[PDB]
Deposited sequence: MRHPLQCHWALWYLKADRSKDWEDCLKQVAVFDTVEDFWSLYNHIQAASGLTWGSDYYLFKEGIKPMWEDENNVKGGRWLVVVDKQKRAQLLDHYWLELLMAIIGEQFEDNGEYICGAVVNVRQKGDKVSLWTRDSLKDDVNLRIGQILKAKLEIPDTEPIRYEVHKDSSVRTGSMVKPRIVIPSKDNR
């Protein structure tokens, strides 16, 4: 018997391609709903740290497209974790895998309905691991999600994480920062 997950999750991959449109580089890799199928995927796909500059992975609840425009994300936001260029060889894959296990294993308590999915952006200037939630104004819920994320990933206080609306005249401040 495979161990069933609370819901179905889809893995997406975007390969950087200066030729074509952003939305056309986005491919859904697989959908899974058991722990065993999660691992069969994870074990055979390339490590985040191995990706070429401009590539991303997304892990989103089935039926949520990993875009700002999707109805599930339109009023939402993200906890953002920047990974120092210098420390990425030791933190990038660890951060990403811990976040995936925390989400599929439903580790966000009574707040799991607010989680849309996770994103890793692999970049030259520095990688980013993010957790997308469906409502940017649910401050209590968002703060709590952030505290658990920080804990799961063992992010120290010297490295703030921030919650921001999905990105006119003014640079938008983050809604929440930890440590505050």
| property | result |
| --- | --- |
| Ranges of the deposited sequence (numbered from 1) for which no C-alpha atom is modelled | 168 to 172, 186 to 189 |
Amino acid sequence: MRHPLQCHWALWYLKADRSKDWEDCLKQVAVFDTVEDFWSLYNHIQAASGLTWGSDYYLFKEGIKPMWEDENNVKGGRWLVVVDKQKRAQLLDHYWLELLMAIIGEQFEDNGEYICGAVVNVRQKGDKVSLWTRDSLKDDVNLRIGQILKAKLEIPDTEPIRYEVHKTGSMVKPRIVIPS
From here on, numbers count along this sequence of modelled residues.
| item | value |
| --- | --- |
| 34 to 42 or 64 to 72, whichever carries the higher mean Cα B-factor | 64 to 72 |
| Stretch exceeding the other in mean C-alpha B-factor - 25 to 33, 131 to 139 | 131 to 139 |
| Most elevated Cα B-factor in the entry, residues 118, 122, 47, 153 | 153 |
| Assigned third (lowest, middle, highest) for the C-alpha B factor of residue 14 | middle |
| Chain-relative CA temperature factor third for residue 97 | lowest |
| Modelled-residue ranking by C-alpha temperature factor, third containing residue 103 | lowest |
